[PDB]
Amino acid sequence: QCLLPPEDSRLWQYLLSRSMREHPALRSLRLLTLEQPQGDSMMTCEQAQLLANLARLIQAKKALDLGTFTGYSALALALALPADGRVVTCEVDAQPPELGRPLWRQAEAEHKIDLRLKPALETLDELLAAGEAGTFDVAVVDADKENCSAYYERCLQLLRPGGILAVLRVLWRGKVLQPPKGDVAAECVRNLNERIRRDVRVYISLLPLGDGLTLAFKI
């Protein structure tokens, strides 16, 4: 079900303590988020830092974040971007982003975070119909699993060559090994993994962080 030990593992704690450089506002947002219903679905701190580091590495200016929740990944990305950077973040529930907004403000990153409260598929299609193919530097796919294939295809088209497409929670607690009959979400995660496996448009790494992290680098 899970490749890594419990969070309380001493070796895991050492990994975190010897690597984490979490912004105070980001840290405050995480601790708040963990008290919320579905707080355990949030992006983990070391995943967010890896993605922010990669965004910084490639000098990203334009990021796309699917599944805002409380805005943890959006804020992590925003902090990796220069002053004129923008994160377009997509969500359907208005409540969770409003929990994170005060922390976006504290981090002086609220102006960098562009919240689009509508289904992600709608925002993706709009961006493309506006002719914004090949303009995004980083895309994070962490919304619903039902539409994740459509999300992957659209994010890939929105990324420039050399862009980074991250898909979160790709092992689905080990259910990808044999998705239960009628488990739409699990079948969807499994189907996308197969597609990405075959995709010659990208080169890829699958990492044992969180519930599995795919990094697909666009050619």
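Residue positions are given as counts along the sequence shown, with the first one as 1.
Engineer: So, looking at the entry's B-factor column for Cα atoms, which has the higher mean, 72 to 80 or 98 to 106?
Structural biologist: Per the PDB entry, the higher value belongs to 98 to 106.
Engineer: Mean C-alpha B factor from the entry: is it higher for 155 to 163 or for 30 to 38?
Structural biologist: The stretch with the larger average C-alpha B-factor is 30 to 38.
Engineer: Determine which member of 219, 213, 216, 4 has the highest CA B-factor, using the values in the deposited entry.
Structural biologist: The listed residue with the largest C-alpha B-factor is 4.
Engineer: Between 126, 142, 137, 91, which one tops the list for Cα B-factor in this entry?
Structural biologist: Out of 126, 142, 137, 91, the record gives the largest C-alpha B-factor to 126.
Engineer: For the chain shown, is the CA B-factor of residue 44 in the lowest, middle or highest third of its modelled residues?
Structural biologist: Tercile = middle for this residue's CA B-factor.
Engineer: How does the C-alpha B factor of residue 13 compare with the rest of the chain: lowest, middle or highest third?
Structural biologist: Middle third by C-alpha B-factor.
Engineer: Mind checking which third residue 51 falls in for C-alpha B-factor across the chain?
Structural biologist: Tercile = lowest for this residue's CA B-factor.
Engineer: Tell me, lowest, middle or highest third: where does the Cα B factor of residue 191 rank within its chain?
Structural biologist: It falls in the middle third of the chain.
Engineer: Among the modelled residues of its chain, does the C-alpha B-factor of residue 170 lie in the lowest, middle or highest third?
Structural biologist: For residue 170, the deposited C-alpha B-factor lands in the middle third.
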